[PDB]
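In what follows, a single structure is set out as structure tokens and then discussed.
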Amino acid sequence: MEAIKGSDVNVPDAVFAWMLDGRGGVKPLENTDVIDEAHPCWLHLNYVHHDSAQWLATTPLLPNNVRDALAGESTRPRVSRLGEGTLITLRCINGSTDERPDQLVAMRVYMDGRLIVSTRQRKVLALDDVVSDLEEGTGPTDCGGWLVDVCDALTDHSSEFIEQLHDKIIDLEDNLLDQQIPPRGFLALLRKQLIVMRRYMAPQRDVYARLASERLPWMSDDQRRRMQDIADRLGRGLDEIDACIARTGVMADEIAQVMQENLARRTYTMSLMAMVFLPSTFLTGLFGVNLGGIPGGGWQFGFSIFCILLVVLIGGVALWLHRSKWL
Amino acid sequence: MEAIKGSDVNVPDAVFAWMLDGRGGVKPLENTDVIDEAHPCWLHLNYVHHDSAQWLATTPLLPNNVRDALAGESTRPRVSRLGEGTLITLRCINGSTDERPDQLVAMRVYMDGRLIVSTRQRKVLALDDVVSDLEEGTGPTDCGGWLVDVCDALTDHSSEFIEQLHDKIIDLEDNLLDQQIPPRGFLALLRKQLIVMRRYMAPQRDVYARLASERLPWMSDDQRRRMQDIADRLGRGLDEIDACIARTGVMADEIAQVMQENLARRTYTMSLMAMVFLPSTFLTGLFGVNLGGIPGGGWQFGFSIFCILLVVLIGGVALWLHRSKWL
Amino acid sequence: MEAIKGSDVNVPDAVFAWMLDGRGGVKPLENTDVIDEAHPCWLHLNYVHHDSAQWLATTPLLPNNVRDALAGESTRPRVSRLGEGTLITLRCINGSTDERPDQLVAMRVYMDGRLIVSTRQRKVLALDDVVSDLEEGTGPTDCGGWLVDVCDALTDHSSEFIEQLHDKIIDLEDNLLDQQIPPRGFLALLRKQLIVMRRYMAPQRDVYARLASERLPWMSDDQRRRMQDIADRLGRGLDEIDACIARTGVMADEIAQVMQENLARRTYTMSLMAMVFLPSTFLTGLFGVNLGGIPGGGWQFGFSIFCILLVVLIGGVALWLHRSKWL
Amino acid sequence: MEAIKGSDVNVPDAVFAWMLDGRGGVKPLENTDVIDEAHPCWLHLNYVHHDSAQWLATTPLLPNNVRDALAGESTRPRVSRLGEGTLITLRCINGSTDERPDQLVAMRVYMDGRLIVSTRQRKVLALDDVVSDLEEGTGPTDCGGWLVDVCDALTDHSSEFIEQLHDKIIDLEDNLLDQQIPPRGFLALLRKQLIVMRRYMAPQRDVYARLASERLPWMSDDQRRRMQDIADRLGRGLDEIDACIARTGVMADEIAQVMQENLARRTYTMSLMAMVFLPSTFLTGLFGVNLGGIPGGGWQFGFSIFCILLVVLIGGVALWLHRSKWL
Amino acid sequence: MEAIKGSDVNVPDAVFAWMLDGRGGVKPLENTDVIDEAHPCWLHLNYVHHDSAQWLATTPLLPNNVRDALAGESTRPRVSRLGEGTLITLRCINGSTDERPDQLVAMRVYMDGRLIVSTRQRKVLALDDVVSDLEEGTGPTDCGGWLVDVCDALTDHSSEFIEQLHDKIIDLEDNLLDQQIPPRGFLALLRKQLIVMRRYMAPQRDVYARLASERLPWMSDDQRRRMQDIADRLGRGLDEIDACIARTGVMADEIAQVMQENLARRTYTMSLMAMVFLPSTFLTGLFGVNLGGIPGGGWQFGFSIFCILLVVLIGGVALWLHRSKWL
């Protein structure tokens with residue numbers, strides 16, 4: 001655990017491989033590289049690939065329990081102290097352009113003061129962010145700077161998705177503005193994404209703090225400071241989002257309340273339009289009858305007689321409508 | 001970073017600045033002033049404005065991680081220790097004069113004992129309150145008096161706000177009188193405002209207690225005591241408000257069941273008038289036909305006969321109404 | 001704060017003013033009294049009186065930060081340490097017959113080892129209890145035993161209030177008594193008063209524990225023991241009302257499903273009556289028509305034949321109801 | 001206070017009283033007995049009796065604050081250290097066959113290191129089981145053996161009861177086996193029963209825990225371990241029961257959703273029957289008319305010609321629902 | 001007690017027993033065996049067998065309280081140290097195809113450094129898994145390896161089960177895919193199984209951590225570390241599952257939302273079809289009448305008159321639907 005060679009880390013199926021000068025150095029690896037704490041080496045892999053998997057399960061540099069903890073196993077943000085070794089993994093929020101369900105994006109990093117290795121399956125964009133700000137050399141200095149910078153990308157895109165849900169539900173003032181119903185099958189979607197992001201950020205906050213509260217031998221205390229309030233930077237993100245689970249609590253309840261209000265104002269029409277069904281029992285009840293008797297023969301022009309008495313009934317009960325509305 | 005000349009902090013596009021005397025009064029900022037513990041000064045911006053933002057990003061008087069932080073991006077009622085630097089950022093309750101949604105107002109203070117700087121986007125009632133207090137002449141003596149006074153106005157207006165929420169919901173005694181329903185879409189914004197007040201007071205409670213817990217090098221211990229019971233003042237304030245989220249809990253559930261049981265009474269009317277109008281289709285059954293036979297011709301004057309017999313049918317099943325009310 | 005003259009305490013608009021002998025008896029206040037810890041005198045005010053407000057805000061006997069606190073603006077209980085001074089503010093359970101909403105029964109006591117002040121606005125039956133018990137010689141000895149006995153009266157009066165709503169709740173076993181229904185808009189009163197008992201007892205419990213938390217120069221350790229098990233009395237009242245919001249929760253849900261199943265019986269009757277009004281369209285569909293042809297003229301006396309056919313259709317589909325209840 | 005005599009504890013209206021030998025034996029009382037820790041004595045009363053109340057209020061054994069409160073006051077269990085005294089009060093569950101509501105079957109036991117005294121109101125089968133253990137002859141050794149045996153008794157019977165409601169609700173899965181509805185009001189009363197058992201058990205493993213850390217002068221460390229793990233045996237007791245309030249949480253909700261599923265079946269039938277009886281009203285529209293014109297007289301035998309078209313409306317719309325189910 | 005003979009633990013009706021070589025190997029028992037920590041023996045039984053029942057009821061090697069505890073009686077995911085003894089008792093997942101209810105698959109272990117013994121009632125597939133691990137020679141080294149390996153089996157199996165219903169409720173995306181209903185009586189099964197696995201895993205996570213924090217002689221610090229991240233390996237298991245109680249919380253609410261929505265758009269038919277149900281007292285209201293007058297005889301061909309005026313009623317008020325849709 002004192003000498004590291006550039007050859008065994010040099011993988012053909014490796015996606016990404018770099019040196020770290022201490023500035024943001026863009027230097028791809030060789031087969032004759034000196035790798036230490038003075039020369040940290042970023043990697044990035046894809047365990048779907050062939051020799052990424054073989055080198056992932058066979059390399060003599062990293063231990064055995066972290067071999068098959070590193071090729072698509074967990075559903076959780078673990079950290080694990082391995083003496084000098086340090087396993088982190090934490091989750092990001094992307095996919096293709098279209099997977100709004102399954103906000104799980106794994107990214108797994110076995111790392112120490114000398115050599116890191118990062119591994120993914122689907123395309124992380126936060127790792128694309130930490131790539132895309134180092135070609136000009138303003139990115140990370142070392143592995144500690146790498147870790148706090150990728151936590152800055154994670155809090156930035158995770159925080160943007162937090163406020164993205166937040167202005168999806170703050171767009172739901174439509175529940176009182178006209179009392180417009182939200183679209184059919186919609187609140188379960190972002191409310192689903194909301195609670196699953198509770199169960200991913202909610203251990204990710206103290207995986208960040210469990211980084212920052214613990215003294216790894218190779219951060220700076222400035223990196224532990226910005227790590228500390230970046231852990232809090234996830235923290236009020238997560239109380240924003242369980243404020244949003246409350247807000248979809250009231251939202252999802254009172255939309256059911258207002259559609260049963262639509263039931264009630266429908267049964268206004270069922271009530272009074274059932275009171276239009278009232279004189280039918282005497283509409284046919286005197287007139288659809290074929291019997292040998294005298295129902296209305298005693299007075300000529302009987303049509304206006306029932307034509308006024310049925311609205312004596314309708315207007316009278318209509319005057320009871322402004323009195324009791326029952327019985 | 002020992003002393004600061006008065007023109008260095010001087011910003012044209014600032015809202016203003018000031019000079020705290022220590023007697024509770026104030027003096028405006030001059031160009032050749034001395035900024036120290038002997039002469040503390042409040043300086044206030046509006047970071048919407050242009051050179052406000054330029055000085056906000058380019059001054060040498062505050063570190064990098066508070067440079068962008070005073071530019072209006074977090075939903076975080078946060079304190080951030082920067083050694084001698086001390087950032088706080090707290091929330092108030094306004095908008096324009098008309099926004100009952102979005103009761104969030106950001107105010108920010110970067111702070112050391114010499115200069116204190118408050119930046120806002122929109123206006124703050126509390127900052128106006130300590131304005132009228134400070135050209136009144138018995139406002140803040142110093143920066144400690146600044147903090148305890150601005151927290152007195154923040155807690156005072158927030159406590160008044162949750163007070164008028166409390167009498168809006170204790171005004172909801174239409175549950176008992178008439179069982180009168182609240183207006184269509186009205187508890188979504190009371191209950192919405194209520195939970196968002198939980199989210200913006202509950203980190204603010206321990207931003208207050210997190211101020212009063214540590215020993216900053218510039219407060220009096222009397223200001224720590226005032227800070228302490230004002231922290232608990234907002235604390236049991238939010239105990240009133242989640243008492244109110246329980247009270248909108250029962251209130252929303254019982255309005256849902258009371259209009260639901262109103263609907264149940266409406267279909268009770270539909271049921272009773274349904275079995276009252278059983279014999280209408282049956283009277284069309286016996287009497288609304290066209291056959292080559294004898295319907296009732298063997299006995300004269302059947303109109304009195306059937307208009308008796310359906311009525312005694314209705315009264316019979318009406319005795320089964322009070323008798324059974326089933327089947 | 002070494003000696004107090006009998007006129008500074010003396011207020012004309014004072015409701016009560018007393019002299020704790022230490023023997024459990026009492027004496028009224030005189031004008032030339034020297035009161036101390038050996039002569040712990042007593043007050044009771046009503047701050048809505050104007051001279052009560054004047055002495056309440058202008059006396060030199062209590063500091064400024066508790067001057068306004070005794071003037072009736074709280075929504076809450078507290079205890080605030082003021083060095084030698086000690087503030088408690090504290091709630092009770094009172095009103096006349098027509099105040100079962102708004103249990104806001106305030107009771108404020110600023111005190112030390114020598115003097116107390118006990119201000120109210122509306123009457124307090126606990127203070128009425130110890131006023132009913134101090135003249136008979138078996139009241140309190142001094143201020144420690146005073147607020148001991150005060151907490152005795154209000155915690156067993158609040159305890160019997162909690163017991164009273166509890167016997168209403170256990171009087172709601174009519175849910176299984178043939179599903180007998182609570183009155184229209186009634187559980188919002190028990191549930192509302194219940195949770196407002198949770199809020200106005202819950203900081204009160206650790207007001208009491210916060211009394212016996214520290215040593216104070218005017219209690220006994222026996223009175224601290226009395227304080228802790230009386231806090232145990234109240235806190236077990238708090239678990240009583242916690243289980244009452246639970247049991248009231250399941251009550252409020254089951255009455256809603258009782259309304260749902262009664263409505264299911266209403267539309268059960270509407271379903272069976274709908275199948276009873278299936279032969280409307282065959283009834284008029286063969287018989288109420290007016291066309292130039294032969295519908296049933298080919299066989300004489302067809303009244304029994306449509307009686308037979310609609311009976312076998314109705315009883316037939318009733319047998320299909322006995323087959324599979326649907327389709 | 002020392003060398004307690006048998007005449008002091010001799011109560012005629014007591015239920016019984018014995019000595020504890022150490023073997024689990026049993027010996028009745030005399031009037032010349034030496035009650036010590038070498039010969040511990042159990043007393044058992046029924047405090048509703050008049051002389052039981054007289055000795056209960058007037059004995060020179062136990063102090064004043066445990067005199068009255070031992071006779072029917074606490075709605076809840078507790079411990080209370082009284083120096084040498086140790087008040088305990090527990091709760092068990094019994095009745096006749098008919099008191100399954102009101103599971104408050106109390107147990108008030110003042111403990112002193114020589115005389116231990118138990119008062120009940122109604123009969124408790126737990127102490128009946130300890131009675132069977134002691135006339136059995138291998139019951140309690142001493143007051144410590146008394147305590148572990150009574151806690152084992154009502155711990156076992158509490159565990160059997162929570163097992164009884166557990167396999168009541170594990171029978172409640174015919175609601176997935178062809179969705180058999182639970183009987184009327186059945187969830188409410190056992191849901192009530194185990195939630196008041198959350199009002200008892202969560203105040204019971206804490207009174208056992210305040211037996212656990214409480215190094216009493218008369219416990220044994222073996223028996224400390226005995227009521228330690230029998231305390232946590234009750235601990236997995238109440239995690240069973242709040243798991244069961246979750247399980248009747250879901251079980252309470254899903255019967256409501258399946259209730260509206262059956263309601264959706266019958267308004268499915270009301271919908272299709274309403275649209276299939278739309279042509280009835282237009283049949284009366286064309287054929288229930290008495291006017292001087294030519295409705296359909298221009299072609300002979302119109303009965304088949306409209307009996308076809310009503311069928312093609314019915315089967316036509318019946319083909320529209322097989323593609324749309326809507327409008 | 002020291003050199004315990006293999007004949008003492010030899011049971012005829014044992015399911016099996018072996019030694020542990022320290023390599024993962026397997027050797028059957030004899031009756032001339034010396035058992036220690038150097039030769040660790042594992043027994044596995046089935047306590048329903050009467051010979052094994054007599055053995056574990058009557059063997060003199062294990063203590064008294066663990067005798068009936070190992071006899072298979074109660075829902076115990078717990079641990080109790082007995083000095084040199086150690087009772088652990090855990091829960092797994094097994095059954096045939098038809099035991100998805102009753103997820104209790106108990107395994108019980110009395111153990112020490114020397115003689116470690118496991119009882120069960122129904123088969124555990126995790127114990128079968130470690131049997132398959134040891135019979136090939138790659139099983140556990142010692143009793144500590146036996147414990148951590150059987151924890152690896154059953155946490156792997158419980159972990160893939162909580163994964164299994166975790167992606168069974170992700171197969172509940174029919175909620176927005178056409179808003180397709182879940183099957184009738186289905187979420188009580190899945191929702192049942194995840195709350196019951198909160199009931200099981202929630203004491204089992206800290207039976208694991210309570211093993212890990214307990215310095216035991218028969219363990220190793222490597223197995224303590226492996227014990228601790230297998231403890232948290234489960235622990236992210238259970239926050240996955242209460243995340244899933246939230247996700248079936250929103251799912252179970254919105255299915256009632258969407259099926260009442262199906263009722264809601266369903267009674268559009270019972271609104272517009274109700275206002276085509278109103279003119280039945282008009283189209284027969286003038287025309288199904290038998291009276292001696294002139295209803296429409298003054299103008300010829302009345303059939304094309306109402307044949308258009310019912311259209312100017314229906315289409316006109318149908319245009320009032322596009323105006324206000326109510327009243």
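Each chain in the structure tokens gets a letter, A, B and so on, in the order shown; residues start at 1 in every chain, and ligands are counted from 1 in the order they appear.
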Those of segment 88-287 of chain A in DSSP strand (DSSP E or B), formatted as a JSON list (two decimals) with N, CA, C and O atoms, in the first residue's frame:
[["chain", "number", "residue", "atom", "x", "y", "z"],
["A", 88, "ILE", "N", -17.23, 5.40, -0.84],
["A", 88, "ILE", "CA", -18.43, 6.22, -0.85],
["A", 88, "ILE", "C", -19.25, 5.80, -2.04],
["A", 88, "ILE", "O", -18.74, 5.29, -3.04],
["A", 89, "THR", "N", -20.56, 6.00, -1.92],
["A", 89, "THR", "CA", -21.44, 6.00, -3.07],
["A", 89, "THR", "C", -22.62, 6.89, -2.72],
["A", 89, "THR", "O", -23.00, 6.99, -1.55],
["A", 92, "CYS", "N", -27.45, 10.37, -7.96],
["A", 92, "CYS", "CA", -27.78, 11.57, -8.71],
["A", 92, "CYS", "C", -29.12, 11.40, -9.41],
["A", 92, "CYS", "O", -29.77, 10.36, -9.30],
["A", 105, "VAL", "N", -29.84, 7.37, -10.05],
["A", 105, "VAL", "CA", -28.63, 7.20, -10.84],
["A", 105, "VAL", "C", -27.50, 6.90, -9.89],
["A", 105, "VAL", "O", -27.10, 7.76, -9.10],
["A", 108, "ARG", "N", -20.47, 5.20, -7.92],
["A", 108, "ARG", "CA", -19.82, 4.48, -6.83],
["A", 108, "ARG", "C", -18.34, 4.75, -6.89],
["A", 108, "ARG", "O", -17.73, 4.63, -7.94],
["A", 109, "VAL", "N", -17.75, 5.14, -5.76],
["A", 109, "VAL", "CA", -16.36, 5.59, -5.75],
["A", 109, "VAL", "C", -15.63, 4.91, -4.61],
["A", 109, "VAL", "O", -15.92, 5.18, -3.44],
["A", 110, "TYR", "N", -14.66, 4.06, -4.93],
["A", 110, "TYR", "CA", -13.71, 3.60, -3.94],
["A", 110, "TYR", "C", -12.50, 4.50, -4.01],
["A", 110, "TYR", "O", -11.96, 4.72, -5.09],
["A", 111, "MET", "N", -12.04, 4.98, -2.86],
["A", 111, "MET", "CA", -11.09, 6.07, -2.92],
["A", 111, "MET", "C", -10.34, 6.19, -1.61],
["A", 111, "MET", "O", -10.76, 5.66, -0.57],
["A", 115, "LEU", "N", -5.56, 7.19, -4.79],
["A", 115, "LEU", "CA", -6.17, 6.75, -6.03],
["A", 115, "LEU", "C", -7.66, 6.61, -5.84],
["A", 115, "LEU", "O", -8.11, 5.95, -4.90],
["A", 116, "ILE", "N", -8.44, 7.19, -6.74],
["A", 116, "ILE", "CA", -9.87, 7.01, -6.67],
["A", 116, "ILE", "C", -10.26, 6.15, -7.86],
["A", 116, "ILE", "O", -9.52, 6.01, -8.83],
["A", 117, "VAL", "N", -11.46, 5.59, -7.78],
["A", 117, "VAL", "CA", -12.10, 4.94, -8.91],
["A", 117, "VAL", "C", -13.60, 5.16, -8.79],
["A", 117, "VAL", "O", -14.19, 4.97, -7.72],
["A", 118, "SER", "N", -14.21, 5.63, -9.87],
["A", 118, "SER", "CA", -15.64, 5.90, -9.92],
["A", 118, "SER", "C", -16.27, 5.07, -11.02],
["A", 118, "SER", "O", -15.65, 4.79, -12.05],
["A", 119, "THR", "N", -17.52, 4.69, -10.79],
["A", 119, "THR", "CA", -18.17, 3.65, -11.57],
["A", 119, "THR", "C", -19.64, 4.01, -11.69],
["A", 119, "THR", "O", -20.23, 4.46, -10.71]]
Chain B near chain C within 8 Å: what's each residue's closest atom pair and its distance in Å to one decimal, counting only C-alpha atoms, ordered by chain then ascending residue number, as CSV?
residue,atom,partner,partner_atom,distance
B:175,CA,C:185,CA,6.0
B:176,CA,C:185,CA,5.3
B:179,CA,C:185,CA,6.2
B:229,CA,C:80,CA,7.8
B:236,CA,C:76,CA,7.2
B:239,CA,C:199,CA,7.0
B:240,CA,C:199,CA,7.1
B:243,CA,C:199,CA,6.2
B:246,CA,C:195,CA,7.2
B:247,CA,C:192,CA,6.4
B:250,CA,C:188,CA,6.6
B:251,CA,C:188,CA,7.0
B:254,CA,C:188,CA,6.9
B:257,CA,C:256,CA,6.1
B:258,CA,C:185,CA,7.3
B:260,CA,C:259,CA,7.8
B:261,CA,C:259,CA,6.3
B:264,CA,C:263,CA,5.9
B:267,CA,C:266,CA,6.7
B:268,CA,C:266,CA,6.7
B:271,CA,C:266,CA,6.2
B:274,CA,C:270,CA,7.7
B:275,CA,C:273,CA,8.0
B:278,CA,C:273,CA,8.0
B:281,CA,C:280,CA,6.4
B:284,CA,C:284,CA,7.6
B:285,CA,C:283,CA,6.1
B:288,CA,C:288,CA,5.5
B:289,CA,C:287,CA,4.4
B:290,CA,C:287,CA,5.5
B:291,CA,C:296,CA,6.5
B:292,CA,C:297,CA,5.7
B:293,CA,C:301,CA,4.3
B:294,CA,C:301,CA,6.7
B:295,CA,C:303,CA,6.9
B:327,CA,C:269,CA,7.4
Using only C-alpha atoms, please write the residues we just selected to a file, as a PDB file, in the first residue's frame.
ATOM      1  CA  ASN B 175     -68.512  23.809  11.607  1.00  0.00           C
ATOM      2  CA  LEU B 176     -70.897  23.963  14.570  1.00  0.00           C
ATOM      3  CA  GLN B 179     -72.618  23.245   9.875  1.00  0.00           C
ATOM      4  CA  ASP B 229     -36.132  33.791  24.933  1.00  0.00           C
ATOM      5  CA  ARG B 236     -43.728  28.074  20.955  1.00  0.00           C
ATOM      6  CA  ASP B 239     -46.091  25.152  18.558  1.00  0.00           C
ATOM      7  CA  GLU B 240     -49.198  27.272  17.995  1.00  0.00           C
ATOM      8  CA  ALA B 243     -51.442  22.974  16.729  1.00  0.00           C
ATOM      9  CA  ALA B 246     -53.835  19.639  13.570  1.00  0.00           C
ATOM     10  CA  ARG B 247     -56.821  21.967  13.682  1.00  0.00           C
ATOM     11  CA  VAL B 250     -59.751  17.880  11.914  1.00  0.00           C
ATOM     12  CA  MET B 251     -61.382  20.834  10.140  1.00  0.00           C
ATOM     13  CA  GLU B 254     -64.912  17.057   9.115  1.00  0.00           C
ATOM     14  CA  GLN B 257     -67.460  14.178   5.975  1.00  0.00           C
ATOM     15  CA  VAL B 258     -70.106  16.798   6.667  1.00  0.00           C
ATOM     16  CA  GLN B 260     -70.338  13.913   2.284  1.00  0.00           C
ATOM     17  CA  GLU B 261     -73.100  13.187   4.775  1.00  0.00           C
ATOM     18  CA  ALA B 264     -75.917  11.094   1.957  1.00  0.00           C
ATOM     19  CA  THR B 267     -79.638  10.385  -1.681  1.00  0.00           C
ATOM     20  CA  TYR B 268     -81.786   9.669   1.349  1.00  0.00           C
ATOM     21  CA  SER B 271     -84.315   6.958  -1.990  1.00  0.00           C
ATOM     22  CA  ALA B 274     -87.815   6.707  -5.316  1.00  0.00           C
ATOM     23  CA  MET B 275     -89.926   4.245  -3.348  1.00  0.00           C
ATOM     24  CA  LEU B 278     -92.497   3.037  -7.344  1.00  0.00           C
ATOM     25  CA  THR B 281     -94.346   3.023 -13.793  1.00  0.00           C
ATOM     26  CA  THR B 284     -98.541   3.068 -16.523  1.00  0.00           C
ATOM     27  CA  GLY B 285     -98.242  -0.716 -16.370  1.00  0.00           C
ATOM     28  CA  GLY B 288    -101.004   2.903 -20.042  1.00  0.00           C
ATOM     29  CA  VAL B 289    -101.592  -0.052 -22.374  1.00  0.00           C
ATOM     30  CA  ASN B 290    -103.529  -0.797 -25.575  1.00  0.00           C
ATOM     31  CA  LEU B 291    -105.083  -4.270 -25.455  1.00  0.00           C
ATOM     32  CA  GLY B 292    -108.107  -6.129 -26.760  1.00  0.00           C
ATOM     33  CA  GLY B 293    -109.477  -7.063 -23.360  1.00  0.00           C
ATOM     34  CA  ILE B 294    -111.164  -5.789 -20.214  1.00  0.00           C
ATOM     35  CA  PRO B 295    -108.822  -3.751 -17.964  1.00  0.00           C
ATOM     36  CA  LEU B 327     -85.263  -3.686   2.283  1.00  0.00           C
TER      37      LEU B 327
END
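A straight line drawn from atom CA of residue 314 of chain A to atom CA of residue 316 of chain E is 21.8 Å long.
Residues surrounding residue 42 of chain C within 6 Å are residues 17, 18, 19 and 116 of chain C [only C-alpha atoms; sequence separation below 6 positions excluded].
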Kindly export the residues of the current selection with C-alpha atoms, as a PDB file, in the first residue's frame.
ATOM      1  CA  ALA C  17     -53.686  41.219  48.381  1.00  0.00           C
ATOM      2  CA  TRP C  18     -52.738  38.838  51.136  1.00  0.00           C
ATOM      3  CA  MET C  19     -50.135  37.759  53.696  1.00  0.00           C
ATOM      4  CA  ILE C 116     -45.605  37.423  43.851  1.00  0.00           C
TER       5      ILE C 116
END
Practice task
To one decimal in Å, tell me the separation between atom CA of residue 127 of chain E and atom CA of residue 114 of chain E.
Solution key: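 Those two atoms sit 19.2 Å apart.
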Handout entry: Non-local contacts of residue 201 of chain B (10 Å; only C-alpha atoms; under 5 positions in same chain excluded) as a list in words
Key = residues 77, 90, 91, 92, 155, 158, 195, 196, 206, 207, 234, 235, 237, 238 and 241 of chain B
Practice task
May I have the residues within 12 Å of residue 132 of chain B as a list in words, using only C-alpha atoms and disregarding those fewer than 6 positions away in the same chain?
Solution key: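 Listing them by chain and then by number gives residues 24, 25, 26, 125, 126, 138, 139, 140, 149, 150 and 153 of chain B.
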Practice task
Identify, on the basis of only C-alpha atoms, every residue whose closest approach to residue 212 of chain C does not exceed 8 Å; exclude the query and any residue fewer than 5 positions from it along the same chain; express the result as a VMD selection string.
Solution key: chain C and resid 224 to 225 227 to 228
Selection above as a file: C-alpha atoms, as an mmCIF file, in the first residue's frame:
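Saved file selection-v7.cif follows:
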data_model
loop_
_atom_site.group_PDB
_atom_site.id
_atom_site.type_symbol
_atom_site.label_atom_id
_atom_site.label_comp_id
_atom_site.auth_asym_id
_atom_site.auth_seq_id
_atom_site.Cartn_x
_atom_site.Cartn_y
_atom_site.Cartn_z
ATOM 1 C CA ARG C 224 -39.461 19.844 44.048
ATOM 2 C CA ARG C 225 -40.596 16.243 44.531
ATOM 3 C CA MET C 227 -43.322 19.332 41.374
ATOM 4 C CA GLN C 228 -41.940 16.305 39.584
#
Exercise for the section: Output as a PyMOL selection string all residues of segment 128-236 of chain D that backbone DSSP marks as helix (DSSP H, G or I). Expected result: chain D and resi 128-136+143-169+186-201+205-212+221-236
